[PDB]
Each structure stands twice: as structure tokens, then as C-alpha cells.
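Asker: Quick one: this structure, given as C-alpha cells, is what I'll be asking you about.
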Amino acid sequence: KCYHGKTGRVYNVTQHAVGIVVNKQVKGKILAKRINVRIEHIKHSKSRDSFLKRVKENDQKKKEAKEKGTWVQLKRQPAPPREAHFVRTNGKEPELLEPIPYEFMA
Amino acid sequence: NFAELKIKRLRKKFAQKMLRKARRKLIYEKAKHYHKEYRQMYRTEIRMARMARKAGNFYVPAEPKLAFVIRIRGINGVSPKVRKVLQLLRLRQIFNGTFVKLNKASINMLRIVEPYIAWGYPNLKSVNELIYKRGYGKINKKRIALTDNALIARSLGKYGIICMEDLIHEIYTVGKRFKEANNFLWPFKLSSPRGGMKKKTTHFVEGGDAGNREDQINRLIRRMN
Amino acid sequence: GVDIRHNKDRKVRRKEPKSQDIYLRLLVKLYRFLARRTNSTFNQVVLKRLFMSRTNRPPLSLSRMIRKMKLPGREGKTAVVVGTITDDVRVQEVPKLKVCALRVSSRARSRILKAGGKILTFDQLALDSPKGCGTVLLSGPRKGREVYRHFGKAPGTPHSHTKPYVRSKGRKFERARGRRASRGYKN
Amino acid sequence: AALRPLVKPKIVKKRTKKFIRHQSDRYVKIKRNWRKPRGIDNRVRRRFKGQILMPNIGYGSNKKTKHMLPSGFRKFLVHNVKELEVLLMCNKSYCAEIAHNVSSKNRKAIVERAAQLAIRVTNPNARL
Amino acid sequence: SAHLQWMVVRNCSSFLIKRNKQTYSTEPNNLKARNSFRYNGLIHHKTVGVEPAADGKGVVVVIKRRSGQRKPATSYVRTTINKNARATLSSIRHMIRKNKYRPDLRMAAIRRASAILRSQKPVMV
RNA sequence: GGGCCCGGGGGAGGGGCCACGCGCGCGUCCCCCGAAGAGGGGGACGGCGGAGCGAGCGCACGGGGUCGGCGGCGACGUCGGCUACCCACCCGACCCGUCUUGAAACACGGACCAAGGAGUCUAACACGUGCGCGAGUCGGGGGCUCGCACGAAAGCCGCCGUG
RNA sequence: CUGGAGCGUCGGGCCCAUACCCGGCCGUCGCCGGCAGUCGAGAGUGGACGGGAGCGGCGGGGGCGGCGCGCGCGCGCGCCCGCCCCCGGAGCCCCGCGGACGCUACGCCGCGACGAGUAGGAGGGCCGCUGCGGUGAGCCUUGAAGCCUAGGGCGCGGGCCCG
Ligand SMILES: [Mg+2]
Ligand SMILES: [Mg+2]
Ligand SMILES: [Mg+2]
Ligand SMILES: [Mg+2]
Ligand SMILES: [Mg+2]
Ligand SMILES: [Mg+2]
Ligand SMILES: [Mg+2]
């Protein structure tokens with residue numbers, strides 16, 4: 001039960017089980033320990049697969065735009081400030097909001 | 001020999017009075033650019049709100065990109081996760097301050113230490129005051145006073161930053177080098193706030209002093225320089 | 001009101017030879033000079049070795065000094081050992097070498113000279129190549145001491161073989177509970 | 001008007017009072033010599049308020065004026081005559097102090113040999 | 001070699017005197033009694049000394065000969081100068097310098113010469 | 001409003017410029033004269049030659065940490081002395097040692113003062129460190145040399161490898 | 001204490017910690033720190049030496065600029081030709097020909113940072129006690145040890161020196 005929910009890479013493959021190395025924290029020191037788990041208790045973690053898709057695209061966007069020489073934003077970059085814009089009301093003033101009078105519902 | 005060396009060194013003497021002139025003039029005119037930009041940026045933000053107001057229309061100015069964070073409570077009885085952040089913003093000692101670049105990850109690190117800090121959006125004069133009067137540069141892991149700008153070029157020259165005034169570009173207009181600019185700046189050590197705070201414990205919005213105060217932080221930087 | 005751990009701010013490394021032998025203190029006075037001045041990291045390693053302990057600059061056998069000089073290219077250079085050159089009775093074809101060392105055992109001194117070689121000391125090496133140009137820095141195996149066998153996990157923890165301290169090895173000395181599967185268990 | 005010093009700075013002394021030992025007043029069995037109190041509930045060692053002060057290092061004299069007499073010269077415990085010509089050169093910086101147990105006859109001979117080569121003596125008019 | 005001896009004599013010398021938070025060296029013909037390397041008498045192989053003349057008036061100038069040392073009986077030549085405190089000074093001046101004889105002692109030799117003469121004249125009021 | 005925006009152009013003596021010489025024939029660009037070109041004139045710009053160019057004393061200085069080229073009284077019953085003697089005051093302040101989560105404790109030892117008084121030696125390991133020698137290296141017991149003054153030391157021995 | 005020195009909601013102003021700022025000193029740590037005789041302050045080479053020649057230069061970005069320019073290349077003197085010379089003296093803000101006062105090289109020096117503490121560890125103690133091998137041409141009946149001192153002082157202190 002202490003590995004339930006944990007990820008780890010594969011190092012062995014037997015007929016219907018898979019040796020797999022995970023980390024397990026114990027009173028401090030983290031021990032990289034290898035367990036034998038039959039396949040029914042295992043999935044492919046797409047945690048890896050966001051990258052290898054940013055990779056296949058980065059390697060592609062670098063091979064191209066190299067015949068141009070134009071440097072492209074390859075690195076990710078966190079959500080920036082939201083970049084001053086306009087708002088347009090067309091022919092209405094905004095709707096007036098008022099806090100509504102309390103009444104005991106029960 | 002003698003008057004073939006005498007000339008050889010005198011040439012190397014003047015070849016500097018060329019360079020330290022050309023370097024002095026380049027700084028001078030880079031400082032004219034940063035006069036025109038900082039004026040066009042002020043105006044053209046007024047230029048625009050004036051133009052939306054003419055129509056039945058509105059303006060939302062840009063989300064501030066630069067926020068200057070001060071720590072306002074000391075160090076004891078401070079949470080684990082709090083203490084990690086505050087040493088990533090480099091607000092180690094109480095009552096010092098650093099320029100943090102606003103960003104989805106940065107903003108979500110100020111939320112988590114809000115009861116300890118007091119941050120807001122600095123204006124130009126607030127940037128100058130901090131950089132000149134209380135601006136020390138990290139050179140060879142030392143707090144060395146920024147007395148002459150051959151100390152700024154000696155550290156940042158690989159980024160087009162060459163003078164005290166070029167530092168302030170990269171600090172105002174967040175720019176490509178904010179990472180190296182605002183990490184050679186040693187954390188600003190500001191005095192106590194002349195006139196006192198309101199309530200160090202509680203948040204600004206409930207009459208206190210903590211957390212974010214958009215643009216009202218400049219009054220706090222006067223009384224604390 | 002600052003919040004750094006002063007736990008390990010003081011760095012524990014030797015900055016002077018703990019020994020009193022005036023000779024080692026003299027060529028330390030020499031590479032306390034070269035190390036600060038010349039761009040060569042060479043003497044910065046030579047200096048940082050002249051501090052270290054006997055137990056930390058082990059002797060270099062003569063044969064381990066051959067196969068490190070026989071490698072393709074390092075011909076014509078000088079072997080440089082901050083330590084002693086011992087002899088190796090289990091080696092005979094002594095090529096001509098140029099060696100520097102603090103000490104060279106008397107037997108290895110005659111194997112080297114007889115082969116048309118030359119031995120210097122760390123002050124003539126300063127005049128040969130003050131930058132350390134055309135040199136080879138070597139050392140004996142620091143994990144060579146028999147002490148390093150008793151180090152490790154433990155004897156008696158699972159499949160971690162480490163020699164235990166026993167007053168005298170024999171039949172009846174530590175082959176029992178914990179060693180043969182028949183008597184208790186084994187690891 | 002004897003033997004000005006080379007440089008007479010402003011000597012400042014952070015504390016001028018002694019450091020008596022805790023409770024060296026109540027009991028006579030206890031000397032005034034400092035002993036660092038090591039009681040669990042001792043109120044000086046935990047530096048309480050209005051208690052006698054514990055000497056520490058940041059309490060110490062300026063590096064320039066250290067060991068300096070109020071006149072300016074450092075003392076040198078000169079023991080006989082030949083140990084005076086040691087100071088023949090280092091004389092405008094520091095001076096000569098004749099040892100207690102010098103007989104009265106050569107205690108003179110040390111005095112006027114110093115006044116020959118201008119070595120101020122702090123106890124020059126002593127035994128007589 | 002000089003640097004060798006100095007490592008045997010830095011401490012552990014019969015002329016070294018350490019008291020009252022200073023150190024000093026009473027060895028012969030060293031200027032200003034400094035337990036030092038420059039200002040040492042025996043360790044070196046070219047040394048200049050200046051001590052009063054045994055008469056009461058004058059200044060004697062010890063120069064090590066360096067022709068052959070480990071010959072302490074003659075390795076070591078003296079001379080006398082009884083003159084007018086301005087040529088006296090300019091004799092040790094011309095004797096140390098423009099002889100390239102240890103021009104470290106060059107000034108310390110003079111300040112010891114001058115301080116010798118100040119010690120042989122009417123003493124006090 | 002930005003392209004130090006473009007600019008052929010006109011003011012009309014608009015303001016302000018860390019511009020820099022004219023001579024002249026460059027890289028580029030713009031303009032104008034010129035055929036679009038060659039070439040010329042003007043300008044932008046570059047650059048450094050078809051030029052550029054080349055030195056003396058001052059204040060200084062809101063310039064790499066203060067100096068005065070300013071001065072005044074005091075002197076045989078009056079100067080100087082921090083710290084330590086006595087006294088005075090304002091603020092502070094509970095008695096030390098100890099076991100203890102917690103001691104000023106209504107917890108225990110302690111009237112006072114002198115002298116005495118407690119992590120030692122041996123053996124055996126272990127690691128670190130210094131030194132000699134180095135596939136070796138000893139050290140003991142013996143032996144050879146003294147009545148020792150220092151000696152019951154030091155020196156030496158295919159003993160030195162029996163081990 | 002009672003239109004308050006009471007209770008709510010608010011102003012200004014002021015008061016104070018060993019907290020923060022600036023400064024002084026003391027120590028510790030860091031600086032691959034500097035100093036055993038050397039130029040050099042975003043350093044962005046220095047030197048032969050030959051052939052040819054000279055006002056040439058390297059006719060490159062509104063860049064605003066960093067790599068190249070206006071204190072000189074060549075020059076005044078000897079008279080188009082020669083030189084452009086030697087520190088036993090250039091007169092020195094750089095001196096590479098010789099190096100401090102400073103350099104006890106386990107010495108001296110410049111920068112920064114930092115300094116709560118039981119149990120415990122480590123380091124340093126020209127802190128102290130007794131005795132030995134050295135050494136101080138040490139001290140001493142013209143007064144040693146000890147003791148006594150509202151006598152002058154040094155050290156953060158252990159303690160120490162003097163009267
Ligand atoms: Mg609290
Ligand atoms: Mg709270
Ligand atoms: Mg209890
Ligand atoms: Mg009670
Ligand atoms: Mg009990
Ligand atoms: Mg402490
Ligand atoms: Mg006695």
C-alpha cells in the first residue's frame with residue numbers, strides 16, 4: 001500500500017510482472033527500492049508524455065527556422081501579465097449591482 | 001629606445017583618453033534614449049485612456065510586470081514553507097527588499113508568504129532612489145557599494161548593461177536580462193519606516209500593512225529610504 | 001536578525017602543513033609563491049598536495065609509474081609525484097624515466113639511475129618547468145590502505161561484504177549465527 | 001618634558017572598570033578574578049538585566065593603541081644593562097621598565113645609560 | 001643557506017628575547033634588534049653592523065667579508081669612523097650603497113649610526 | 001503617438017545640441033545639379049584620410065573617509081588621575097550550587113576562613129595525526145663495549161629474523 | 001477617573017527595544033585574496049626584425065556605442081640627410097635595472113559577510129602551578145621567596161607588570 005499512487009521507471013520484465021524502481025521515503029532518507037508488480041496494477045504514466053511532444057516539436061522547430069536563422073522561443077514560459085487591452089460597452093452602461101437585503105430563509 | 005618607448009606609452013595613455021571619452025559619451029546618450037522612452041511610456045498610457053474616454057469606451061492598463069517586495073516581520077516563529085520562499089526572494093533579514101518580476105509563478109509565491117511581506121508596483125522615482133542611495137552590487141559574492149559604473153560594466157557588460165542608468169532600464173522595462181540584472185543587485189537594506197506602519201500583523205485591505213498595495217507602496221519607500 | 005545556518009560556513013581544509021619538517025616548509029614557501037602568481041593550475045595542485053598527510057599522499061610503486069608513462073603520447077614528459085617512489089620487485093624492464101618526488105626509496109633510486117634516467121626534487125622541478133609544462137601528475141591508490149576494507153555499510157547487513165575486526169582469523173572466529181545458513185541465518 | 005612619543009593618538013577604552021566575579025562581594029572565600037559562571041539557573045551566565053557584565057571579545061581594545069601606556073610607549077621589562085640596547089632603535093615607540101628585583105646599585109647604572117641614548121624609563125626615580 | 005638557518009632560529013635562539021608582547025634579538029651586529037630575516041646577523045652571508053666605538057667617541061662598521069665563512073675569526077671585518085656626523089653618515093651611506101652590499105640595511109644602518117652619536121655628547125641639564 | 005520617424009520644401013531670424021574645422025573625392029545612403037550613367041555640388045550617416053590635427057596654468061569639486069596658512073583664558077594654594085577608598089543620588093536588581101517539563105522557592109547542600117580535595121596509570125584494540133624506512137620493517141631477549149659521575153645512558157652485533 | 005483618565009468607530013502628533021539604517025571599534029568565517037619586488041583599473045597584447053614607403057593611417061553602425069581615434073606616428077634638435085642616444089640617473093603616479101618602513105612568510109595588508117547558548121565537541125591561550133634538558137656573560141646581603149598595601153598602570157580575561 002505504500003507504493004499505491006507512486007511512479008517509477010522499469011528495469012526488468014518477466015512473463016507477467018515488471019520490476020520497477022520507485023522512491024520510498026522513510027523517516028528522512030529516501031530509498032530507491034525495486035519491487036516486483038504484476039501488470040494488472042500498472043499503467044503507462046503520461047506524466048512523461050507532455051515532453052517528448054514538446055521535444056519532438058522543439059527538435060522540429062529548430063531544424064526548420066535554421067535555414068532562416070530566426071531565433072524561435074523554444075523554452076516554455078510562465079503565464080505572463082495579461083497585456084493591456086480595450087473593453088467596449090456598445091450602447092449600454094454597466095448593470096448596477098447592489099447587495100441584496102437579508103431575510104431569514106429557513 | 002627611450003623616445004621610442006616614451007611615445008609608445010604616451011600613445012597607450014591617449015588611447016584611453018579616447019576610450020574613456022567614447023565610453024563616457026555613449027553612456028551620456030544612452031541616458032537620452034532612456035529619457036525619451038520613459039516619457040513616451042508615461043504619455044502613451046495617458047494618450048490611450050484619453051482616446052477610449054472619447055468613445056463610450058474603457059481602458060485596462062497593462063498588468064504591472066515589476067513589483068518591489070519588502071519583508072515586514074522578523075525571523076522567529078515562521079513556518080517551514082514560508083521560510084523557504086522568503087529565502088528564494090532573498091528577503092532573509094527583516095526589513096529588506098528586492099525587485100521581483102511579476103509572473104504567474106512569482107505571484108503565486110507572494111500569495112503564500114503574504115502575512116510577512118508588503119509588495120506593490122513601484123514607479124520610476126522609486127526605482128531611482130533605491131538604486132542610487134541604497135544600491136550595492138554582488139561582485140565576487142561581496143556586498144560592494146555601486147560607487148562607479150566601471151563596477152556595473154565589470155559584471156554586466158556581457159548584456160549591454162554598462163552604466164548606473166542602464167541598470168535601471170533592465171529594472172523598469174523588465175527586459176531580457178532582468179535575471180542577471182536583479183541578481184547582481186544585493187538586496188536593498190532599508191531603514192525603519194519614518195512615521196510608523198499601520199498594523200504589521202494585518203493585511204493592507206483591513207487597515208494593516210501586509211500583502212499587496214498596488215502603487216501605494218511608493219509612499220512606503222519614501223519613509224523607508 | 002539574519003537567518004542563515006552557520007552550521008558549515010567554515011570550510012575545513014588544510015592551508016598549511018601540520019608537520020614541522022623545515023624542508024617541507026621550505027618548498028611550501030616556494031609554491032606558496034608560484035601558486036599565487038603563475039596561471040598554471042599545476043602548482044595549485046602541487047601546493048594543495050604538499051599540505052596533505054602521509055595517509056593521504058600514498059606511495060607510488062615503480063611499476064604503476066611505468067604503465068602510466070607507457071600510454072601513447074606522454075613520452076618525453078616528467079613524472080611528478082608529491083609522495084615517495086617505492087620499488088617494484090615484480091617488474092624488470094625499467095625504461096628511462098624523469099621523475100620528481102619528495103622521497104625515493106634507495107633501491108628504486110638505483111633502478112632508475114642505472115636505466116639512464118634522472119630524478120629531480122620539487123625545487124629543480126621549479127626551475128625545469130615553473131608552469132609545470134610537460135609534466136604528468138600521479139599518485140598511489142588512496143583506497144589502498146588496509147583500513148579501507150573495514151569501511152562501508154557493515155558486516156552482517158545484506159550482501160554488503162566488509163571485513164570485520166577479528167583478533168585472529170580462524171575456524172572458530174566468526175563463522176556462526178549470521179554466516180552459515182545452517183546456524184541461525186546468513187547475510 | 002621627557003622623551004615625547006612618536007605618535008600620541010586618542011586612547012579610548014570601551015570599558016575601564018574591572019570584571020569582578022559573581023558574588024565576590026558577599027563571600028571572602030571568592031576572589032575578584034573572573035570565573036565564567038556555569039550554573040543552570042545562574043542569572044549572570046544567562047545575561048539578565050542589571051547584572052554584572054560578562055567579559056567577551058567585542059569588548060576589547062583598539063589594535064593601534066593596545067598595550068599602550070597613558071604616555072604612549074609600550075613597556076619593556078628591562079632586566080639589566082645589556083638588555084637596554086635592544087631598545088636603542090625601537091625607542092620613540094616604546095620604553096624601558098626596570099625589573100622589581102634589581103639591586104639599588106646597578107638600578108642606577110641602568111638609569112643614566114638610558115638617559116644617554118634617550119630611552120624613557122617609567123620607574124627612573126625609584127630605589128635611591 | 002640563509003633560509004635554512006632561519007627555520008632553525010626563528011624560535012629557539014640564544015639571542016631571542018620574548019616578553020611583554022614584543023620580541024627582540026640581542027645578537028651581534030643586527031640593526032634595531034628585530035627578530036627578523038632581513039635584520040639578522042648570523043643567518044646571512046653579507047651583514048652590516050654598526051655599534052659604538054669602544055673609546056666612547058666614534059662609530060665602527062662591521063662588514064662580513066663573504067670571502068670565506070665558517071671562518072669566524074676573520075670572516076668578519078670591522079673599521080672605525082670618527083668624524084662630523086654628516087660625513088659619518090655619508091660614509092656608511094657610500095659604504096653600503098654603491099657597493100651593492102645588502103641595500104636593505106642601507107637606511108636602518110644610518111638610523112642606527114645617527115642614534116649612536118646622539119648617545120655620545122652632553123647628556124642633560 | 002512612434003519610426004531621434006521620411007523628406008524634396010517654405011518660415012525668419014521658433015527654441016534648444018557632450019556636433020566639429022574648413023580643404024577635399026571615400027564605404028554606404030539621401031537629396032539636388034546631372035542622362036538614370038560618368039562626374040559635380042549639398043546633406044544624412046559611417047568610417048578615419050579626399051581632413052580631422054594639435055598644449056599650458058587655475059577654480060576646483062555637490063570629486064578615492066578633515067583640516068585650519070583660526071583664535072582665548074589659566075597659574076603656589078590651584079591644575080590633571082580613566083580604574084580602585086568612602087559617601088551621595090536616578091534607573092536596574094530575589095541566593096548561589098543542584099536534580100529538574102519547571103527553582104527566589106514553603107525542594108535539598110552551604111555560619112565563616114585557611115590548607116587538603118576528584119577522569120589516573122597499565123594492557124588491549126580502533127581511527128586520526130607526525131616521523132624513519134619502504135615489500136619490507138622492526139624489536140625483544142640476548143650478546144659485544146665499565147668502576148656509571150653524567151650510565152643503571154649511549155654505541156655496536158652474518159645477531160636483523162630464530163620471531 | 002464621570003460632557004471622562006468609561007465603552008464603540010476614527011484622526012493627526014508624539015514615546016521607546018540588544019529589532020532596522022548610517023558610522024565607530026573587537027573577533028570569527030569567507031576571498032581558488034594581495035605582499036618575498038611589479039603597472040595597471042569595463043583592459044581589449046607586448047616585442048623583435050626585414051623590405052617598401054608616409055601625412056599615411058583601417059575611408060566599416062542615428063549606432064547612439066563597446067574595435068580603434070584625436071596629447072603627436074615624425075619629431076625637436078643636429079642640418080634634403082643623420083639621430084629619435086645612457087636611469088650609477090627618467091627624476092620619479094610606473095619604473096619590468098634594485099627593492100618596503102612592511103618582509104617573526106606559521107609575518108604584514110586589503111576587501112566583504114557575520115558573532116544567542118545548556119548537554120557536548122574543537123581551537124587558541126607571551127593564562128597559571130611544580131620539576132627536568134637547554135639557554136638568558138639573567139637577578140640577588142646596595143635585600144631572593146613569601147606577605148602587605150585609599151601607590152602608577154597593561155590585558156576582553158586567565159592574570160600580569162611596576163611604587
Ligand atoms: Mg512572534
Ligand atoms: Mg501571530
Ligand atoms: Mg517534579
Ligand atoms: Mg512555594
Ligand atoms: Mg535529594
Ligand atoms: Mg557565541
Ligand atoms: Mg618557590
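By order in the C-alpha cells, chains are A, B, ...; within a chain, residues start at 1; ligands start at 1, following the order shown.
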Give the residues of chain B that lie within 10 Å of chain C; count only C-alpha atoms, and format the answer as a ChimeraX atom specification.
Answerer: /B:74-76,83,87,91-95
Asker: Can I get the selection written as a PDB file, in the first residue's frame, with C-alpha atoms?
Answerer:
ATOM      1  CA  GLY B  74      11.235  39.461  11.567  1.00  0.00           C
ATOM      2  CA  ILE B  75      12.594  35.954  11.808  1.00  0.00           C
ATOM      3  CA  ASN B  76      11.316  33.653  14.558  1.00  0.00           C
ATOM      4  CA  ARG B  83      10.844  30.273   5.323  1.00  0.00           C
ATOM      5  CA  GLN B  87      14.965  32.863   1.137  1.00  0.00           C
ATOM      6  CA  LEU B  91      14.290  38.670   1.979  1.00  0.00           C
ATOM      7  CA  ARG B  92      16.486  36.950   4.539  1.00  0.00           C
ATOM      8  CA  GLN B  93      16.942  39.643   7.147  1.00  0.00           C
ATOM      9  CA  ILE B  94      13.871  41.502   8.280  1.00  0.00           C
ATOM     10  CA  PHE B  95      13.045  44.735   6.583  1.00  0.00           C
TER      11      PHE B  95
END
Asker: Excluding region 19-36 of chain A and its own-chain neighbours fewer than 4 positions away, which residues fall within 7 Å of it when counting only C-alpha atoms (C1' of nucleotides)? Please give them as number ranges by chain.
Answerer: A: 7-13
Asker: Just to be explicit: take each residue in the selection above, keep C-alpha atoms, and write the result as a PDB file, in the first residue's frame.
Answerer:
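The file below, result_33.pdb, is the result:
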ATOM      1  CA  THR A   7       5.613   6.277 -10.128  1.00  0.00           C
ATOM      2  CA  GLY A   8       8.883   4.678 -11.080  1.00  0.00           C
ATOM      3  CA  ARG A   9      10.873   3.528 -14.032  1.00  0.00           C
ATOM      4  CA  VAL A  10      11.050  -0.067 -15.263  1.00  0.00           C
ATOM      5  CA  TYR A  11      14.192  -2.158 -15.008  1.00  0.00           C
ATOM      6  CA  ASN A  12      13.037  -5.762 -15.507  1.00  0.00           C
ATOM      7  CA  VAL A  13      10.337  -7.578 -17.446  1.00  0.00           C
TER       8      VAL A  13
END
Asker: For chain E, which residues have at least one atom within 12 Å of chain G, if we go by only C-alpha atoms (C1' of nucleotides)? Write them as a ChimeraX atom specification, please.
Answerer: /E:3,6-7,9-26,33-40,97-108,111
Asker: Per residue of chain F within 10 Å of chain C, note the shortest atom pair and the distance in Å to one decimal, counting only C-alpha atoms (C1' of nucleotides), and order the rows by chain and increasing residue number, as a Markdown table.
Answerer:
| residue | atom | partner | partner_atom | distance |
| --- | --- | --- | --- | --- |
| F:125 | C1' | C:167 | CA | 8.5 |
| F:126 | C1' | C:165 | CA | 9.1 |
| F:127 | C1' | C:147 | CA | 8.9 |
| F:128 | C1' | C:55 | CA | 9.6 |
| F:129 | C1' | C:53 | CA | 7.8 |
| F:130 | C1' | C:19 | CA | 6.3 |
| F:131 | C1' | C:21 | CA | 9.1 |
| F:133 | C1' | C:105 | CA | 8.3 |
| F:134 | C1' | C:105 | CA | 6.6 |
| F:135 | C1' | C:88 | CA | 7.9 |
Asker: Output as a tab-separated table one row per residue of chain G within 12 Å of chain D: the closest atom pair and its distance in Å to one decimal place, counting only C-alpha atoms (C1' of nucleotides), sorted by chain and residue number ascending.
Answerer:
residue	atom	partner	partner_atom	distance
G:18	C1'	D:47	CA	11.1
G:24	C1'	D:62	CA	10.9
G:25	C1'	D:62	CA	6.5
G:26	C1'	D:58	CA	4.0
G:27	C1'	D:57	CA	6.1
G:28	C1'	D:57	CA	10.6
G:115	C1'	D:58	CA	8.9
G:116	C1'	D:46	CA	9.7
G:117	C1'	D:46	CA	8.5
G:118	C1'	D:40	CA	7.2
G:119	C1'	D:40	CA	10.9
G:136	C1'	D:83	CA	10.4
G:137	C1'	D:82	CA	10.1
G:138	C1'	D:79	CA	7.7
G:139	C1'	D:102	CA	6.5
G:140	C1'	D:103	CA	7.4
G:141	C1'	D:103	CA	10.4
G:142	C1'	D:104	CA	5.4
G:143	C1'	D:103	CA	7.8
G:144	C1'	D:101	CA	8.1
G:145	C1'	D:101	CA	11.4
G:152	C1'	D:122	CA	9.4
G:153	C1'	D:69	CA	7.1
G:154	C1'	D:67	CA	5.5
G:155	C1'	D:67	CA	7.0
G:156	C1'	D:60	CA	4.5
G:157	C1'	D:34	CA	7.1
G:158	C1'	D:34	CA	8.0
G:159	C1'	D:33	CA	8.3
G:160	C1'	D:77	CA	11.8
G:161	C1'	D:77	CA	8.2
G:162	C1'	D:100	CA	7.2
G:163	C1'	D:126	CA	7.7
Asker: Would you kindly report the residues of chain A within 10 Å of chain B, using only C-alpha atoms, as a PyMOL selection string?
Answerer: chain A and resi 77-93
